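Student: Sharing a structure with you now.
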Amino acid sequence: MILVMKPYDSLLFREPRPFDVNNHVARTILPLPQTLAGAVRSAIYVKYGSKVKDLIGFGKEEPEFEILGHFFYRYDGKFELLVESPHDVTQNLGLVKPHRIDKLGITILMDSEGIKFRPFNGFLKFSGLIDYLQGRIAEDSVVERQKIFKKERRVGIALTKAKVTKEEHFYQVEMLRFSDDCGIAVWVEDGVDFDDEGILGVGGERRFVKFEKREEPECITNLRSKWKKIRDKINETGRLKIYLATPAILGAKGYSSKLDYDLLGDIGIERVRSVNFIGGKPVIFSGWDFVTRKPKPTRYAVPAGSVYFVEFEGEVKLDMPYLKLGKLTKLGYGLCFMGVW
Amino acid sequence: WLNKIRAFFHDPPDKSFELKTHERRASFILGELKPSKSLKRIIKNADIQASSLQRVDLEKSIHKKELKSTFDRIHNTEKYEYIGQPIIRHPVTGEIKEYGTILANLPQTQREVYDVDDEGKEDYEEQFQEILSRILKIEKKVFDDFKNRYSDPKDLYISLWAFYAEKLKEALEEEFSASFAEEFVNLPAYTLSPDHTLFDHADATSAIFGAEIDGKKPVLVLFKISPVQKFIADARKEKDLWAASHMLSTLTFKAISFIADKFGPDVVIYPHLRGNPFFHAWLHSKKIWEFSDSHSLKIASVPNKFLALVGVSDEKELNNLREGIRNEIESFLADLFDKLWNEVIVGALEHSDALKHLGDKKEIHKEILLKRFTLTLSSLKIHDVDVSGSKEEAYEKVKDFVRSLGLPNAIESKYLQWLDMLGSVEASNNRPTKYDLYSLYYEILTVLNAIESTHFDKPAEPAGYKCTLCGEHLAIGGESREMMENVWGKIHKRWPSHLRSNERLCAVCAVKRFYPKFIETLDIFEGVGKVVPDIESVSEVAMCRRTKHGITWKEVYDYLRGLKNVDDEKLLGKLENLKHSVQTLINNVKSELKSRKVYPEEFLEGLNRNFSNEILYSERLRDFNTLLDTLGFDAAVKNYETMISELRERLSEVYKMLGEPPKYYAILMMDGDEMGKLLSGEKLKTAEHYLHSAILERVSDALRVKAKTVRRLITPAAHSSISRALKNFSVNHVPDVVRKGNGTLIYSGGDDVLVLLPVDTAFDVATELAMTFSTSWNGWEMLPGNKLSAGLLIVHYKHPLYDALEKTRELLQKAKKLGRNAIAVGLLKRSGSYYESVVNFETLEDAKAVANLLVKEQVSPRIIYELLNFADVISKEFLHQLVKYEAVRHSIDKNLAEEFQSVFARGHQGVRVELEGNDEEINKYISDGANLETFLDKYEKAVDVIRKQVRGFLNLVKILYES
C-alpha cells in the first residue's frame, strides 16, 4: 500500500546545521526516509495511545511494521510514480558499463562514448524502471528536477515589545515548494493498520499535508510479474546490477561503502568475482530522538541512485524484484532493485 | 645517487653550440664522476626513450643527408646539412623566441656555410673555440664548487638538482652579459624539435633512469586527498580561511616530501617542486641550504594532488608506499591533536568532574579527526611492449597492443595516428618505445583515481551535541548540555582572542582554529620566519580600498592600533583625538574587565594594538553596548557614555574628510580551463608548430603531410615543461600582481587562485591575471598561455563567511558550465539584491568605458533605466535605432552619443546568454568572436538571446558605475 501525501504548502527537512543564536540560517535537503517513518509512527501511536507502543517500537530505533521506501509522484494525466535517477545514466541518456581491460590490469568504468561522463540529474519514471533494469533506457521515461519542485527562500524576524526589531531575532530559511499535483508517496508493507484520510505534520516548522491511503498502482505489480524473467536473465548472464532507490547504511561497525559479500551470499550468490561501485558524495545525517529529547548519533549513508556492478558465480534465489540492505531497514533505508547489466 | 647525478649530467649544458664534441665536453664537465661504458649505454637508452615522440627525427631526406641546426657552421656539407640557427618554440602555443643576444656575442662571420675545407673561417673557428672554452670553464667551476660544498651523494645530488641552473646563470651573467646568461640558460635540448629547454629533458631522463634502474618496472602514481571544498567552506574569520589552506598545503607536502626523500626530488612531475617556497623550507630543514622566504611561506602554494613516476619491484612495494604515506600523514595530524589537547583542552579545564567524565572520549575524538580525510593513491603499472625486430614489425606490434585494450573510437584513432606519424620516419632505428604511449597511460590513470575517491569509510560516534561550525561531528563534550556549556564558556574565558562563549567546536574545527598558534612551533616552519599573516578581519580588506586623498583607511587604523605611522598631517589632531578616545575607552574597559578578571589579562594588555577595525566604523559606535560588542567582549557606565560621545564627535571630523570606512569587498576565485583536455592532447596543435623552423621543407613529402595533420601528443619532458610554466605563473607572478592591486592572496596552488580584494581595484586585477595566464613568453620567462574561468563576488562585511564562499564557488561553477573562458560577476548588497552576469574578460573594458563616460557626466545616468525597461520589448531589428535615439536624447550630443552607442554595442555583443536547450552551441560562438553575429542570425530563437544579452550587459554596467 501507498500513502499519497499532497502537501498544503512548502516543507522543510532541515539540514543538521545547528540553529544557534548567531547561526540563524537553515537549508532544506531532499526528504530522508527516517523523517517520514517517524511521522507515520507518531501518527499511528498518538491515535491508538500507548497500547501500540510495541508496534511503534517506542524508544527503540526500529519499529515492527515494515516501510519499504518512498518515491515521488505527480498527476500528469495519470498517477505517475518517480524514483531517483541512477548515477549510471549519462546526460545523453546512455548507459555506463565497465570495460575492464585485463591487458593493462585495470577496471575502467568508462562509458560507451568516451572515458568521461557526468550523471544525469532528474528522476526516472517507475514505468521505465523495468526497461532500465533490462538496460533499455527509453527517451521519455525521465524528467528533470525543476519540473517537480523548486527551492524557495524566506526570511523571519522576531519583534521586540512595541514595534522594533528585537536583538538577535533575525533568521532566514529555505524550503521546498512542490509544484501543482506533485507530492510525496510513502510505500508501506501491507497489513499495517492505518486510518484512511486526515492530515499529518511532516518536517520542521509545523507544516502539514493531506495524506490519503491508496492501494499499490499497476507499475509495481508489472515489475513484480516480470521479476522472474529478469532473474532468469541475470542467472544466464552472470552479471547482476544493483540500483539503490533510497540511501543505505551498508557500512559495518564503522560506516563504509565496502559492500560486504555476506549480505550478497544470502541472495543465493556463491562467489562474487568483482564489485564495481559508482556513487557520489556520502550523506551525513542525524535525527532528533524524542524519548531522550536529544540528537541521534550521526550516520553516513551511500547516496540514492548509486549503482553496484557485480559479476557472480551461482544463482539469484530471490522471488522479489528488490532487496533490503544495511541496517535501519524497517525505516525505509537500503531499498535496492536488481537488474541485468 | 651517483648514478642519478651521471644520468642528470648525461648531456653538456652547451650541447646546442657544437654537437661534434658534445660527449667529450660533458665528460670533461663531469670530471672524476664520469660515467662508465655500461652506465653511458643505459643513460643513452634513457635519453633516447625520454622525449622519443620527437627524438626519432633522423629524416635524411634532403640529398640523403642528415640535417643539423647547431650554432656551428663547420659541419661537413656532405654528411650533414645546415638549416639555420636554433630557436625555441612554446610547448603549447608554439610561440617562437629568437636568440639575438647570443648570436650577437657569437663569432661574427659572413659565410653561411663554413665547411671543413672552406675559406675565410679560421678566425671564426678560433672565436668559436675560445667562446666554447670559456663557457666550459664556467660550467666546470660551478660544478666543482657544488661538488666541494657537499660530500654525501644524496645531499649533493639534491642540491645540484635544486640550484645548478641558478648558480650557472649567476656565474655566466658576468661572462658576457645578463641577457647572455638569460638567453643561455634556456637552450633547447635538441635543435630539431625545440619544444622545451635542455634542463627539462635532463630531468625527465634522470627520472626515467631512476625508475628503470635495477630492473624496477616503472609505474605512474597519482595521489589525491579529499574532500576539500567543504573544509575551506566552513569558516568565520579570515584567519580560519588561511589556516585551512595552510593545513591542506602542509598535509599534501608531507606526502610529497616523503616520496622525494625516498627516491629523489625529480620523481615528481607536477607540481614543479623547483623554487616552491615550501621546497626551500624543506631544504633549509634538511640543512642543505639557508634559503627561507618568510613572506612566501605564508601563501599556500602546494596543491592538493600530485603525480609521480616511480620504479617498483612488486605490488608489496606499492602497499608499503601506501602505508608509509598514511603513517606520515596520520602521525602529523596525531601530534597536532596532542598539542591541541595538552595545550588547550587540559589548559583551561582543570581536574574538575568535566575532565573525568570526558576521559576516554579523547580517543574517540582523535579517531574522528584522523579518519576525517580520505587519501587515494591510484597506481598504473607501465607495460613494456615488444619492439624487437624490424621497425615496421615493432610499430605493428605496438599498434596491436593499443588496439587490443578496447577503447572508444576517438581515442584509438588519435593514438593510432600519433603512432603512425612517429613510425613514419624512414630509418633502421625508428623502433618505437613504451613512453610514446605516455599520454594514454596518464589519462586512464586520472579517471581511475576519481572512482577510488568515492569510498568514504568513516567511523561511528555516539549521540550528543554537535559542533556549531560543522554541524555533523560531536563536539568536545556533547552527551549533556551542561558540560558542553560550562567547558566551552571556560575555554572561551581563558582565550577570548580565539572564540566566543556561544561556540562549541568539534575536533576538526578546534584544530583548524588553533593552527595559527601551532604553525610557528612546527618543525617544518621553525627557523623560517613569519608564517601567519596580519589581517584578522575582512573589514581590513574593505578599508584597504584607496580613498579620495590616497590615504586608505588601513593606514588610519594602523596609527590607532599603534602599529604604523601616518604620512598625512591634515587631521593629526583628529588622529590624537581618536587615539586618546581609543586609549581611554580601552583603559576604562580594562578596569571593568580586570575587576572581575573574566577575560585573560594578556588579551586586555594586547588590546592596545588588538582593537578591532570595526571600531573605526561610525555606525558601530551608536551606543556603549554596541562599542563593547564590537570590541568583542560581551556586554553581559555613564562615564563611558560620555566617552562614546567624545569619540563620535572626534571621528566625525575624520569621516568628514576621508569619508566613511568602506564596508564592501570582492572575493575572486579562478580555476584552470580543464587542463585534463590539453594533457590528453585534445587541445594541442599539429606537430608542424613544434619543428625547428622549416624542417618540414627538408624532409620527405609523406612525413611532411603526416606532421601537417596529426596533432602532437605529450612527452614527459613536455609535461615537465608545462608544469614548470605553471609554477612560474603561480609563484613568480601572481603574488606581485596581487600586491600591485593591494589585495590579499589566500591559496595559490597551481592553476587555482583565491583572493580577497578591495572593490576599488578588482576588475583591473581580474583582467590583468587573465592576460598573464594567456601570455606565452613573458620575456625570457615562460607562462601557461591558456584560458581560465573566474568567479567574482562583491559583498558587504556582514554576510557569513561560509555563505559567501559557497555563493562564490557557485558563481565560478556557473561560469564554467556556461562555456568557460569567462567571469561570472555578481553583486549582493546587504538588502538582498543579487545582480549576476557572465561575461568575457574583454567586455570588462567596454563596461569600464561606459562607466567612465557616465562618471564624467558626459551622458546623463538616466538612459540606463529606460533601456532596462525597454529590454523586454527589444529585438534585433529595433535595438540599434532605439539606442541611437536614446543616446542622442539623453546626452550632450557631440561624438559622445556615437561613442557611447558603439561601446554599448560591443558590450552587448560580449555577453554569455543562458537559455534552455542548445546553449552550448550559442555560448561557444559567443566566446569565439565574430561568428556570434552570424550564428545568431541563423539561430532559431534569435530573440531571447538578444533580450538576455542586453540585460546582462546593463547589469554589470550598473555594478561598475557604483564604483
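Residues in the C-alpha cells are named by chain (A, B, ... in the order shown) and by number from 1 within that chain; ligands are numbered from 1 in the order shown.
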Produce a table with one row for each residue of chain B that has an atom at most 9 Å from any atom of chain A, each row naming the nearest atom pair and its distance in Å at one decimal; use only C-alpha atoms; arrange rows by chain and rising residue number; format as a Markdown table.

Tutor:
| residue | atom | partner | partner_atom | distance |
| --- | --- | --- | --- | --- |
| B:380 | CA | A:106 | CA | 8.0 |
| B:381 | CA | A:104 | CA | 7.7 |
| B:382 | CA | A:104 | CA | 8.2 |
| B:383 | CA | A:104 | CA | 7.0 |
| B:401 | CA | A:103 | CA | 8.7 |
| B:404 | CA | A:103 | CA | 7.9 |
| B:405 | CA | A:101 | CA | 5.5 |
| B:406 | CA | A:101 | CA | 7.0 |
| B:407 | CA | A:114 | CA | 7.9 |
| B:408 | CA | A:114 | CA | 5.6 |
| B:409 | CA | A:113 | CA | 8.2 |
| B:410 | CA | A:114 | CA | 8.0 |
| B:411 | CA | A:114 | CA | 8.0 |
| B:444 | CA | A:108 | CA | 7.8 |
| B:447 | CA | A:115 | CA | 7.4 |
| B:448 | CA | A:108 | CA | 6.3 |
| B:451 | CA | A:278 | CA | 7.0 |
| B:454 | CA | A:280 | CA | 6.3 |
| B:455 | CA | A:257 | CA | 5.5 |
| B:456 | CA | A:256 | CA | 5.9 |
| B:457 | CA | A:256 | CA | 3.8 |
| B:458 | CA | A:255 | CA | 5.4 |
| B:459 | CA | A:254 | CA | 4.3 |
| B:460 | CA | A:254 | CA | 4.8 |
| B:461 | CA | A:297 | CA | 6.1 |
| B:462 | CA | A:297 | CA | 5.0 |
| B:463 | CA | A:297 | CA | 4.0 |
| B:464 | CA | A:295 | CA | 6.0 |
| B:465 | CA | A:295 | CA | 6.5 |
| B:466 | CA | A:18 | CA | 7.6 |
| B:467 | CA | A:18 | CA | 7.6 |
| B:468 | CA | A:18 | CA | 5.7 |
| B:469 | CA | A:17 | CA | 8.0 |
| B:470 | CA | A:17 | CA | 7.1 |
| B:471 | CA | A:17 | CA | 4.6 |
| B:472 | CA | A:16 | CA | 6.5 |
| B:473 | CA | A:298 | CA | 7.5 |
| B:474 | CA | A:298 | CA | 8.2 |
| B:479 | CA | A:294 | CA | 8.9 |
| B:502 | CA | A:22 | CA | 8.1 |
| B:503 | CA | A:20 | CA | 8.9 |

Student: Just want the 8 Å neighbourhood of region 315-324 of chain A, counted on only C-alpha atoms, with same-chain residues fewer than 5 positions away dropped. Output as a count of residues only.

Tutor: 18

Student: May I have all residues of region 763-903 of chain B that DSSP, computed from the backbone, assigns to alpha helix (DSSP H), given as a ChimeraX atom specification?

Tutor: /B:763-772,801-817,843-855,863-871,876-889,894-903

Student: May I have all residues of region 56-149 of chain A that DSSP, computed from the backbone, assigns to strand (DSSP E), given as a PyMOL selection string?

Tutor: chain A and resi 67-74+80-84+123-125+142-143+149

Student: Which residues of region 715-749 of chain B sit at most 12 Å from region 206-218 of chain B, using only C-alpha atoms? Give each one's shortest atom pair and distance in Å (one decimal place), in chain and ascending residue order, as a Markdown table.

Tutor:
| residue | atom | partner | partner_atom | distance |
| --- | --- | --- | --- | --- |
| B:715 | CA | B:208 | CA | 11.9 |
| B:716 | CA | B:208 | CA | 9.2 |
| B:717 | CA | B:207 | CA | 10.3 |
| B:720 | CA | B:207 | CA | 10.9 |

Student: Please produce a file of the residues just selected, as a PDB file, in the first residue's frame, where the atoms kept are C-alpha atoms.

Tutor:
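Written file, out.pdb:
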ATOM      1  CA  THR B 715      56.110  13.524 -23.812  1.00  0.00           C
ATOM      2  CA  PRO B 716      57.354  13.535 -20.204  1.00  0.00           C
ATOM      3  CA  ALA B 717      59.777  16.357 -20.993  1.00  0.00           C
ATOM      4  CA  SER B 720      57.672  18.812 -17.055  1.00  0.00           C
TER       5      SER B 720
END

Student: Nearest to residue 313 (chain A): which of A:247, A:156, A:265, A:201 is it, counting only C-alpha atoms?

Tutor: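 Among the listed residues, the smallest separation from residue 313 (chain A) belongs to A:265.
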
Student: With only C-alpha atoms as the atoms that count, which of A:178, A:341, A:261, A:79 lies nearest to residue 236 (chain A)?

Tutor: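 The closest residue to residue 236 (chain A) is A:341.
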
Student: If we count only C-alpha atoms, what is near residue 57 (chain B) at a cut-off of 12 Å, once residues fewer than 2 positions away on the same chain are taken out, given as an MDAnalysis selection string?

Tutor: chainID B and resid 48 51:55 59:61 66:68 190:194 421:427 429:430 691:692 695:696 698:700 703 707
